[PDB]
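In: Could you work out the structure for the sequence below:
(chains A, B, C, D, E, F, G and H)
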Amino acid sequence: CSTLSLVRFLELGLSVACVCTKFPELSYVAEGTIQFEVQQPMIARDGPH
Amino acid sequence: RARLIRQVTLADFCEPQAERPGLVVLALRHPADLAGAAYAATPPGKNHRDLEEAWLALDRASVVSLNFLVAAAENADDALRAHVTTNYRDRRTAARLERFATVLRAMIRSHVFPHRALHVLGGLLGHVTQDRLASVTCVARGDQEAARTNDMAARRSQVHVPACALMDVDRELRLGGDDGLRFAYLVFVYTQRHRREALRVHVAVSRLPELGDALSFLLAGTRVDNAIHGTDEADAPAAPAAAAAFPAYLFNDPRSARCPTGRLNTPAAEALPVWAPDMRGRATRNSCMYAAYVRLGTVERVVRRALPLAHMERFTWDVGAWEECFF
Amino acid sequence: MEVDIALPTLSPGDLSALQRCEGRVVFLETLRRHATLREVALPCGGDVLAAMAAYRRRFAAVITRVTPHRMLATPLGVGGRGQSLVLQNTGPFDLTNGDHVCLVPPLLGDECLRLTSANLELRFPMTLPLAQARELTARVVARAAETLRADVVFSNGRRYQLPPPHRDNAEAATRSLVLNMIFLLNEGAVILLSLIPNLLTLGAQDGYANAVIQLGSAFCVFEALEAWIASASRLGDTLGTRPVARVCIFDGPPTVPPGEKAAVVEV
Amino acid sequence: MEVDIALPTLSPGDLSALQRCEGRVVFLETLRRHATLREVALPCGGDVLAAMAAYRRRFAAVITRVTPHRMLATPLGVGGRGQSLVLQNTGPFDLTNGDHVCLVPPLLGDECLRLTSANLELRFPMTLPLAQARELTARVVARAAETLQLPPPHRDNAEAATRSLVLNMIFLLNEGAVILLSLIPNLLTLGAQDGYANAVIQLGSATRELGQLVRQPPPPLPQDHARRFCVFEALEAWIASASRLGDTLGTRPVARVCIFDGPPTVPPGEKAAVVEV
Amino acid sequence: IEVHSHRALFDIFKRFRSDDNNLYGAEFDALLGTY
Amino acid sequence: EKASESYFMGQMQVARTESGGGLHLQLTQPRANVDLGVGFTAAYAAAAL
Amino acid sequence: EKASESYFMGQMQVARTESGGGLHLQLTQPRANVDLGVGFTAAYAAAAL
Amino acid sequence: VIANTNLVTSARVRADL
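Out: Numbers count the residues shown, from 1 in each chain, chains lettered A, B, ... in the order given. Dropping the coordinates below:
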């Protein structure tokens, strides 16, 4: 016979790239947008803006 | 579920113990009316009683397995001939196959085409046999494996078609398409050259709902060499008279000879031009008949695997009406 | 889906006579749950063309068992997974197991159920296999073609003689069909010959064939063309030749002679 | 068997309009269960004949449920003759009960759906009764044959339409066609005795003109005519051909309507429950 | 039906908590630094 | 990157459909993602040939 | 009239079925009635236009 | 965690590094 050596995702190395969080109701609330912005830094230049 | 047909008959052409279940069977017309309709159907010049003789040379028996019919045609791979010959139990079988070949070749010669002599039933699944008398049972609608065979090794079945005859179309025509659900068509190929003619069988699958132009191009050589050698043995007259040219210049002539109705027997109306449409020996439609097809159902997949065969995949039986292919 | 029909109280014996046609087909007008003997009825003798144009605008239905109070029926085009139903044969010749059944008006001497009790009349169409149905009409019109200026069908060994004209009310019931079917064909012929005039001068053995083959591969005439296309499509559509049944007789003799019932599955 | 059509991210102002499409048919090339929307796509108007021919190679599919994620559609006809469903009436004419319907490409290229969220348009065809689809197909094929709401032709695939027409016509001539033709005067003489006889023959029928401008002799006796008869073969051939004319030039009747109680007609832009035949 | 948006995910470690100075009166003596 | 992509796992779904040759059990699961950091967070390297 | 017609209520039947959109119930109920009054117990009246 | 509008105001795996 032949076994099936299963693999776990978290135990891989790639897992460090993305963060995985279990959101259960996504399939329902995905009907619209979520639309969060992030940021941008800005240097304080001299002279009046 | 699916619904079935049972038809008691003779173990002449389909021999349900020799083959295992899962192969299409055909219903054969009573030959008396074929022999009769010949008397009025064979074209001029040809023989008008040769089908009578060809039938009398083969002496109810009603069904015929496609596995048997494909052997008695031009196209066939000799492995299947050997199988049918040495694997059928029955006496005198090869001789009968030869006679059946002669029958079909007579049928096309007499312009009573076999597609008007073989309605198609579903795939057989069961049978009980006496000595040379059987009662086959085939599906008629629904999918094949809704049935229940009394084998007890494989309750359900599939559909088996001799891979020698299965001609795919899409991958043939290179439509660039992607295999999804495809139709299934059983097609006949006629060829007409007096005393030198034959019949070719195929089983065609494709996504094309309307064959038409597809076969018209697929069988181009057959239509070509059939339209020209088909009118043979018909006495055509000499060069057509110039009076045969149907006059068109005279429709919107304001000044022209005219004749109201109600004075057309033999009055002083002889001044009308004569036109004799004279058609005697030209190619009629039955002269240019080259193929005929009929829809069988829908198919997922075809795999080839063993004598070579071709197992269907989720065949849904939906039989349609016959179709001519002449233009 | 099933429809019941309000049978008025007719009479003894003639109701028992209707109790013999428990497999005929009758055209409803609307899928519903309540009907009456008056609407499902046609005059006993009329032109085959109006009956044909009526059979395309209505809904078919088969007569099931009939209790003297009301009679049940089920349409054909719609069904649940294509169930089984028996269908009494009425044709002139038999149909064998594994055929396609059509419904054409009675081109031959008709049959008209004369309800002298209730002062109605019933007229049922005929059942034919497609092969012979496409040819019986042609035999009928061919017989009239010559009289405008032999007849044998063969079926399952035996042979029929196409009863002579006006053996019934008259042959007037099948005139308009003759006239249209000849006129439209003559039209197609003449228009085609006008479009390519020299078609009939080519060499009958070689030139004509080369034309018909190189064509298979790589008062305004055009108004007449449009009119002819329209009329030919309209007439070809209303000619039956579209099976609505397929006989599937299981556990029974492979042939059903004219008169007795048979188990058929709807397409 | 319900096919699945996925979507990309579209504008919230366009799903509100595409959701209003719940009865128009789409034309897929294959019938795998899962499928995309990019595959089923059509340019704007042009060459009504090309699309009419494309409506025979590809098979239809009615949509019933839309979601901003995917689209559930019904394979219209491949194996079913009783799938009672509903499709909206996007046709110009009004369809009563017991009418076989037919899909015809839209005219003038005026009515399409320019979807800017992904830069692709879907040209859902219109549904007409058979009786008027036949006249439309006839008019268009006549106009196409002429060139060796009024749209222009293409003249690249007019060759194909005129070809199919003249083939279906040339194989209508037969040794018995001449016998049936040698009776045209005998028919025209009947066109004056009876009123319906004049009725069945149209006004500009291009035969009642012929009927007086030539003469023809009795037809010469063909070969073997003591045994075979030809007029019956001719008539049978004509029945077999004309029974299949309206298809090879237009579209076959895809289904038919049926109601129980309400108003007979369903004016356009409305849902109608149909059986499938 | 003219879809809309929804409240967006905010990081678990979002600790604005500056209203503690800006509620009514700010106590700069030690409340800062934590900010 | 150390955490380049967010990622949400929905809830699995089953979908039965009766047939002739048995039963089809198409099983699906919806998922979502979005990047966060300003600028890019990944790159190519056409290393070998 | 007071009691021109009777009426009868039967048990309701729930018939579920599965589709790609999930579940689609279909409720139904059988019901019948019978004429009570001897002779006729109702009459039209075309009142206005 | 899904909150309403209410407001306030390890293992040892094998890998290559």
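In: burial count for the residue in chain H that chain E sits nearest to?
Out: Nearest residue of chain H to chain E: residue H:9, at 4.5 Å (Cβ to the nearest Cβ). Backbone N, C-alpha and C define where each C-beta goes, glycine included. Residue H:9 has 9 neighbouring residues, counting by other Cβ atoms under 10 Å in any protein chain shown.
In: neighbours of the residue lying closest to it once chain neighbours are set aside, just the number please.
Out: Once flanking residues are discounted, residue H:9 sits nearest to residue E:19: 4.5 Å by Cβ to Cβ, 6 or more residues apart in numbering or on different chains. Look at residue E:19: counted by other Cβ under 10 Å, it has 12 neighbours.
In: Next up, phi/psi of residue E:19, please.
Out: Main-chain torsions, residue E:19, degrees, to the nearest 10: phi -60, psi -20.
In: pretty sure it contacts residue E:35?
Out: No - if you go by Cβ atoms under 8 Å, residue E:19 and residue E:35 don't touch, sitting 10.8 Å apart.
In: number of nearby residues for residue B:107?
Out: 22.
In: what about residue 31, which SS state?
Out: The chain I'm using is chain A. coil (DSSP: H, G, I helix; E, B strand; the rest coil).
In: my bad, should have said residue B:106
Out: helix.
In: Number of residues surrounding it?
Out: 21.
In: How about it, nearest residue that isn't a chain neighbour?
Out: residue B:54 (4.0 Å).
In: a strand runs through that neighbour, doesn't it?
Out: No - secondary structure assignment places residue B:54 outside any strand; it is helix (three-state DSSP).
In: Hmm, residue B:102 and it touching each other?
Out: Yes - the criterion here is Cβ under 8 Å, and residue B:54 meets it with residue B:102 at 5.5 Å.
In: Between these two, tell me which one has more neighbours.
Out: Between residue B:54 and residue B:102, counting by other Cβ under 10 Å, residue B:54 is the more crowded of the two (21 against 16).
In: OK, contacts around the more buried one?
Out: B:99, B:102, B:103, B:106 (Cβ atoms under 8 Å, 6 or more residues apart in numbering or on different chains).
In: ok and the residue in chain F nearest chain G?
Out: residue F:16 (5.9 Å).
In: Where do the helices of the chain begin and end?
Out: The chain I'm using is chain A. A:26-29 (DSSP state H).
In: Hmm, no, I was thinking of chain E.
Out: Under DSSP H, chain E gives helices at E:19-22.
In: residue contacts, the residue of it found nearest chain A?
Out: Taking Cβ to the nearest Cβ, chain A has its nearest neighbour within chain E at residue E:8, 3.4 Å off. By Cβ under 8 Å, 6+ apart, residue E:8 lies in contact with A:34, A:35, A:36.
In: any idea how far chain H is from it?
Out: Distance, residue E:8 to chain H, using Cβ to the nearest Cβ, to the nearest Å: 13 Å.
In: Could you tell me how far the host helix or strand of residue C:193 lies from the centre of the chain?
Out: Here residue C:193 sits within helix C:175-195, counting by DSSP states H and E. On the basis of Cα atoms, centre = their mean, to the nearest Å, helix C:175-195 is displaced by 22 Å from the centre of the chain it belongs to.
In: With stretch F:8-21 instead?
Out: 17 Å.
In: repeat for stretch B:74-87
Out: 21 Å.
In: Stretch B:170-187 now?
Out: 21 Å.
In: Equivalent analysis for stretch C:79-91, please.
Out: That offset, for stretch C:79-91, works out to 17 Å (Cα atoms, centre = their mean).
In: Which parts of that stretch count as buried, going by neighbours?
Out: Neighbour-count burial for stretch C:79-91, counted by 16 or more other Cβ atoms under 10 Å in any protein chain shown, picks out C:79, C:82, C:85, C:87, C:88, C:89, C:90, C:91.
In: could I have stretch C:232-248 exported to PDB, CA atoms only?
Out: In PDB, the C-alpha atoms belonging to stretch C:232-248 read as follows (Å, rounded to 0.1, in the frame of the first residue of the first chain):
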ATOM      1  CA  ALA C 232     -42.200  28.200 -46.800                       C
ATOM      2  CA  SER C 233     -41.100  28.600 -43.200                       C
ATOM      3  CA  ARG C 234     -44.600  29.100 -42.000                       C
ATOM      4  CA  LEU C 235     -45.900  26.100 -43.900                       C
ATOM      5  CA  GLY C 236     -43.000  23.800 -43.000                       C
ATOM      6  CA  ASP C 237     -43.400  24.700 -39.400                       C
ATOM      7  CA  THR C 238     -47.000  23.600 -39.300                       C
ATOM      8  CA  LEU C 239     -46.700  20.100 -40.800                       C
ATOM      9  CA  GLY C 240     -46.300  18.000 -37.700                       C
ATOM     10  CA  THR C 241     -43.000  16.100 -38.300                       C
ATOM     11  CA  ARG C 242     -42.000  16.800 -34.700                       C
ATOM     12  CA  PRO C 243     -42.500  13.700 -32.500                       C
ATOM     13  CA  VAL C 244     -43.900  14.200 -29.100                       C
ATOM     14  CA  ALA C 245     -43.700  10.600 -28.000                       C
ATOM     15  CA  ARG C 246     -41.500   7.500 -28.300                       C
ATOM     16  CA  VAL C 247     -42.900   4.000 -27.800                       C
ATOM     17  CA  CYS C 248     -41.300   2.000 -25.000                       C
END
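In: Just give me how far it sits from the chain centre.
Out: That offset, for stretch C:232-248, works out to 8 Å (Cα atoms, centre = their mean).
In: In chain E, what residue lies closest to chain B?
Out: Counting by Cβ to the nearest Cβ, chain E gets nearest chain B through residue E:3, at 32.1 Å.
In: Any figure for the gap between that residue and residue A:32?
Out: 4 Å (Cβ to Cβ, to the nearest Å).
In: So for those two, which residues contact both of them?
Out: residue D:12.
In: Leaving out sequence neighbours, find the closest residue to the residue of chain F closest to chain G.
Out: Going by Cβ to Cβ, 6+ apart, residue F:16 has residue G:18 as its nearest residue, at 5.9 Å.
In: so that neighbour makes contact with residue F:24?
Out: No - here residue G:18 lies out of contact with residue F:24, judged by Cβ under 8 Å, at a distance of 11.7 Å.
In: For residue 15, list the residues it contacts.
Out: Defaulting to chain A. residue A:9.
In: I was after chain H.
Out: Neighbours of residue H:15 in contact, by Cβ under 8 Å, 6+ apart: residue A:13.
In: One more: residue B:197?
Out: B:105, B:108, B:109, B:190, B:191.
In: what about the strands in the stretch 151-300 of chain B?
Out: B:166-168, B:182-191, B:198-206, B:291-299 (DSSP state E, counting those that start in this stretch).
In: so how far is the last one off the chain centroid?
Out: Pointing back at strand B:291-299 there. 11 Å.
In: Same question for the second one.
Out: On the basis of Cα atoms, centre = their mean, strand B:182-191 is displaced by 8 Å from the centre of the chain it belongs to.
In: is chain F contacted by that strand?
Out: No - Strand B:182-191 does not reach chain F (Cβ under 8 Å from any Cβ of the partner chain); its nearest approach is 15.3 Å.
In: Partner strands of that strand, with direction?
Out: strand B:198-206 (antiparallel), strand B:291-299 (antiparallel) (DSSP bridges).
In: where along the stretch 101-250 of chain B do the helices fall?
Out: B:170-173, B:213-218, B:220-228 (DSSP state H, counting those that start in this stretch).
In: Buried residues, the second one. List them.
Out: Burial within helix B:213-218, assessed by neighbour count using 16+ other Cβ under 10 Å, is assigned to B:213, B:214, B:215, B:216, B:218.
In: Could you list every helix and strand in contact with that helix?
Out: On a contact count with 3 or more Cβ pairs under 8 Å, 6 or more residues apart in numbering or on different chains; DSSP states H and E, helix B:213-218 meets helix B:170-173.
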